[PDB]
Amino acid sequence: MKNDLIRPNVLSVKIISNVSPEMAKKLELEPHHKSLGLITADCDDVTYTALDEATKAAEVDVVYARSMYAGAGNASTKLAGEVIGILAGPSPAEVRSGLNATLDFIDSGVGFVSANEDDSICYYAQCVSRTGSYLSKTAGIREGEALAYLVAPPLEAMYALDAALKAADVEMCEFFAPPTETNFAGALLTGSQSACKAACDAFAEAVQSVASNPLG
């Protein structure tokens, strides 16, 4: 139902210790990246936000993170979900700490929100008060700055992004041009904390508006 939180779920977690040189090469790891933390989940944007949080909570970098084509509901296997993330660190301890922070964030109450009665339209409007090393790299903004992470289905996202950009003094840093692998769209916007918040609120309101009147 409308305004319900869609609960995100982690599906698998594993660790690689003393990563093989052949794999380190293909993943373009740094010399000091000895251990990898692997995670899959059924919600990509929540997991991306969680991985970024992990770079704050632990001595890890996000070295790989990709979404699956057509989304979790179309997964052909049990553990694929719609996202794979890989953290890299100097030791299993740091990688485990990163994965724990990732899990904590995923389970913290964050998630996509339903915009209609049968949850067939959903959106993500998450304000990140200070970016870690992953989302700042991705957005092309300074580490530690705030951002609004805004995602919705393609038309809703374009309409609502326009509403968000007019609601506050924010800049569009990275555009998730539709379709993402999961057939969504969105952007990372940056500005002051209060501006980003204002953008998240306007975005959510605008998605709900389209959902209530798709053909008007």
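Start at 1 and count along the sequence shown; that's the residue number.
Here the stretch with the larger average CA B-factor, out of 83-91 and 131-139, is 131-139.
Higher mean CA temperature factor between 11-19 and 191-199: 191-199, per the PDB entry. Between the residues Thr77, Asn74, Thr102, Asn116, the entry's highest C-alpha temperature factor is the one at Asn116. Between the residues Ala167, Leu51, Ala177, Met68, it is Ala167 that shows the highest Cα B-factor in the PDB record. Per the deposited record, the Cα B-factor of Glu28 falls in the highest third when ranked against the other modelled residues of its chain. In this PDB entry, the Cα temperature factor of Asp42 sits in the middle third of its chain's modelled residues.
Among the modelled residues of its chain, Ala157 has a C-alpha B-factor that falls in the lowest third, as given in the PDB entry. When all modelled residues of the chain are sorted by CA temperature factor, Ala148 is found within the middle third.
The PDB entry assigns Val62 a C-alpha temperature factor belonging to the lowest third of its chain's modelled residues.
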